[PDB]
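The structure tokens that follow cover one protein chain in two forms, given apart as structure 1 and structure 2.
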Structure 1
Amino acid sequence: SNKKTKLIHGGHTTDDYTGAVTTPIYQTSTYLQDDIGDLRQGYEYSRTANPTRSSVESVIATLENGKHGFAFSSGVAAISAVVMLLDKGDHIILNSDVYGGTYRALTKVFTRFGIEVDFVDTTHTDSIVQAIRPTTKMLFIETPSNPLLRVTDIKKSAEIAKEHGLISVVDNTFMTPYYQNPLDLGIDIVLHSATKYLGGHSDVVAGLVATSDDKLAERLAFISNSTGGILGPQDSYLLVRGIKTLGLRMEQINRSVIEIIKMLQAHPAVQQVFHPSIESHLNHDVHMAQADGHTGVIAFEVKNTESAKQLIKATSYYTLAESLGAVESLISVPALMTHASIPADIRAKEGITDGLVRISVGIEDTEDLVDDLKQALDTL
């Protein structure tokens, strides 16, 4: 029925055989056959299918209202599997500020295989329509993006893709299935770095893909079995376990996000704040139409690099590490960590200033997170 219930009872996450209320961990690679060709329960080799991985795939299919789930050894492994739906000469339209790993995979690996890519500003969907070439086969969007949380209209993206014969894909990592369901808005394929919010405990590197399209699911399954970027059974188990608390965690994170944003907007050491909940934010109305909550990633400007470093060293409950979606609240400076490859003047032009801080709100007490960040900003 309601979401917190669906999180607990959606999918198949018990053992039919013993009745165990959690999915057994099938640390196994091959399965007995009673006769040549007769599989007891559909399992014959763990790369093709493993019952624990089948559990987590059923969960992600259920939570995204799809029919088919696929678990990969990372988010970029899932993204790669989806890109490998295409051939040499095919073209992909992506949003201009995709995740660095996606940009790197596309422009440094798949471009050598003749797959062509254009990164355009999808915050206006007519820029998608102009970017469409006779060779375009796929539209791939993140919303909201990193680290400036640009919002792209998912449903108009799906309509454009349907009308021009494109496979539409949404990287739904930042929102989770708890708040945003691209498959419900006409998208063909939804994917996640389960490394982030879904696993939620900074202890699994995993990717998840879901689709309702039988033929796309057949092609994704063939690609998974042939190239082999499968999630292992222990990691699939830890994903199922972490997803149990996704709703409770996202709602705690959302309460803290709202209060932290009021603080940031009021503080004098903070300039621009980037988050889709802010009403002046581009496509705020669109985000509210396609999601019923918010990501925990917030970016905001302090004055310079020295102010950013002092901010990080003055906090008690903000942890300096990479990734997002932990139970801990994480803090980082994109210009020094994720975007240090880009020349500084081009970082400035894009909005990745030297004093741009990104926090990933965790599940600590809301007042503690607000007060801690505020006193750290008071030292500036």
Structure 2
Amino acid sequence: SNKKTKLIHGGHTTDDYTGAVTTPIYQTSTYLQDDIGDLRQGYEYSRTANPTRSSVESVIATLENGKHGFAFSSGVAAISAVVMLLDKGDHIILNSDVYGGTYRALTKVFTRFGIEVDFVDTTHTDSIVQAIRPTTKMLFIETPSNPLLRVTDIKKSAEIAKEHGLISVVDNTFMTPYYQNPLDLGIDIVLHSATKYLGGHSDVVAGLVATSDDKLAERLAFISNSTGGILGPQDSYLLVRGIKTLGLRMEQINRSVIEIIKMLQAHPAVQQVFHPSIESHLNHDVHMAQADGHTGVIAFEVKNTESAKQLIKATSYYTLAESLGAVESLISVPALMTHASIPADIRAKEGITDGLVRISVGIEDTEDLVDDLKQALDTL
């Protein structure tokens, strides 16, 4: 019924055999056959299917209102499996602000296989219509984007993809299924770095994919079984466990996001602030119409790299590390860390400047997070 209930009881995460209230961890590679080809419960080889992986796959399918879920060894592995739906000579359109690893995978791996890529400013969806070539087969969107939180109209993107015969993909990592459900808006495939919010505890690297399209699901299952980027059973289990608290965690994070943004907008050492909740933010109305909450990722400008480093050293509760969506609050400078692989001239033009700080708000106390960041900013 309501989302917090669906998080606990949606999907298949109990044991039918013993009645155990959590998913057993099937640390196993193969399964006894009663007769040649007769599988007790449909399992024959864990790369093809594993019951704990099946559990987390059923969870992600349920939460995104899809029919089929797939668990991969990492988010980039989910992305690579989706890109392998295409052949040499196919073209894919992506939004122009994208995760550094997605940029690197597409431009340094898949272009070697003849897959053509254009990064387009999808914050106006008619840009997509101009960018469509006769060879375009896929439209791939992050919203909000990493790290500038650019917002793209999901429903309009889906309509464009349907009209032009494209596979539409949304990377829904930043919003989670708790706040934004691209499949409900006509998107073909939705995917996640489950490394971030879904796992939620900085202890699993994993990717998740969901679709309602039977033929896309069959093609993805074939790719996963043939290239083998599958999530292991222990990580699958820890993902199910982490997902249990996703709603509580996202709601704490959102409460903190609101206050932190107020502080940041008022602070003299802070210039521009990037977050879809700010009403002057481009496509703020689009975000409010396609999501009912916010990501915990915030970007904001300080003067320069050296102020950014001072800010990082003055905080007590923000941890300098990669990733986002942890219970711990994280801080980074994308131009020097996660987005160093994006060329510097494109970084400068897009606004990923040397003094752009990114924070992932965690689930610490709101007043502590605001006060800590504010006194650190006061140090400058």
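For clarity, a rigid core is taken as the largest C-alpha set superposing within 1.5 Å between two forms. Numbering runs along the sequence of structure 1, starting at 1.
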Which residue moves between structure 1 and structure 2, judged by a Cα shift of 2 Å or more on the rigid core: 58, 319, 338, 323?
-> 338
So with the core overlaid, does the Cα of residue 67 end up 2 Å or more away between structure 1 and structure 2?
-> no
CA of residue 47, rigid core aligned, shift of 2 Å or more between structure 1 and structure 2 = no
Per-residue C-alpha deviation between structure 1 and structure 2 [residue 131; rigid core superposition; Å] = 0.1
With the core fitted, just quote the Cα shift at residue 353 between structure 1 and structure 2, in angstrom to one decimal.
-> 1.7
